[PDB]
Amino acid sequence: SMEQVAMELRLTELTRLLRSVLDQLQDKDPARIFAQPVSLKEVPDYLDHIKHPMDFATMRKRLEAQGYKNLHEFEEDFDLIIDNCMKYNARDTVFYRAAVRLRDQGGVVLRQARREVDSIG
């Protein structure tokens, strides 16, 4: 149908906007602490601690499959990255501190993304 196509064009455009959001958020992680999944070879007990692991490469796979239907879903995954880190790692670690900085800096980017998604529909 013509409606299914119109809906698919909306999803594609959302995907385009979320790709730019993802790039901006990942720039706020210059140390690449959150770039890839925590290694189960190197942290073999990780899944005993963290039930829903997340990282930027995993988000990028979902994004490119047009697997985010709305900004809320994308934010859920970003928040997992931060929240998993802040639970697994102690306050006095480079990892925890990197998550706090990513949260604080990403807030700005996500504030305007929400306005852009509401604005452009």
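For this chain, numbers begin at 1 and follow the sequence in order. The analysis underlying the following values was restricted to heavy atoms, covering all of them including side chains, and did not include hydrogens, waters or symmetry mates.
- With no hydrogens or angles considered, no side-chain donor-acceptor pair links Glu8 and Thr12 at under 3.5 Å.
- Taking 4.0 Å as the cut-off between side-chain N and carboxylate O, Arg19 and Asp23 do not count as a salt-bridged pair.
- In terms of heavy atoms, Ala113 sits closest to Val21 at CB-CG2, 3.7 Å.
- Distance CG/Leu25 to CD/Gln105: 10.5 Å, rounded to 0.5 Å.
- Atom CD1 of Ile82 and atom CZ of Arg101 lie 12.0 Å apart (nearest 0.5 Å).
- Of all the heavy atoms in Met54 and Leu80, the pair that sits closest is CB-CB, 3.7 Å.
- Between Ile33 and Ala98, the shortest heavy-atom distance links the atoms CD1-CB, 3.6 Å.
- The number of heavy-atom neighbours closer than 6.0 Å to CZ of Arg103, taken from other residues, nucleotides and ligands shown, is above 12.
- Scanning for side chain to side chain donor-acceptor pair (under 3.5 Å) contacts around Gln36 gives an empty result, with sequence neighbours left out.
- Taking CG of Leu11 as the start and CD of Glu13 as the end, the distance is 10.0 Å to the nearest 0.5 Å.
- The closest side-chain heavy-atom distance from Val43 to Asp45 is below 4.5 Å.
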* To do: Quick one: do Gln26 and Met59 satisfy side chain to side chain contact (heavy atoms under 4.5 Å, CB included)? Show the steps, please.
  => CA-CA 11 Å; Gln26 190 153 27; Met59 294 189 60; over 6 Å; no
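- Around the CZ atom of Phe95, the shell of radius 6.0 Å holds no more than 12 heavy atoms that belong to other residues, nucleotides or ligands.
- Note: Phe56 and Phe34 have perpendicular aromatic rings, judged against thresholds of 30 and 60 degrees for the angle between ring planes.
- Residue pairs meeting the salt bridge (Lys or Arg N to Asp or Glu O under 4.0 Å) criterion with at least one member in residues 77-94, sequence neighbours excluded, are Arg62-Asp77.
- Considering all non-hydrogen atoms of both residues, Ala35 and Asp29 come closest at N-OD2, 3.7 Å.
- When atom types are taken as modelled, the side chain of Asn84 and the backbone of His52 share a donor-acceptor pair closer than 3.5 angstrom.
- Between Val38 and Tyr88, every side-chain heavy-atom pair lies at or beyond the 4.5 Å cut-off.
- For the atom pair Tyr68 OH and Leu22 CG, the distance stands at 7.5 Å (nearest 0.5 Å).
- For the side chain to side chain contact (heavy atoms under 4.5 Å, CB included) test, no residue two or more places apart in sequence or in another chain qualifies with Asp27.
- Considering CD1 of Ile81 and CE of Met86, their distance stands at 13.5 Å, rounded to 0.5 Å.
- Note that the CG atom of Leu18 and the CD atom of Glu75 stand 9.5 Å from one another [nearest 0.5 Å].
- Nearest heavy-atom pair across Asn70 and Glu73 is OD1-N, 2.9 Å.
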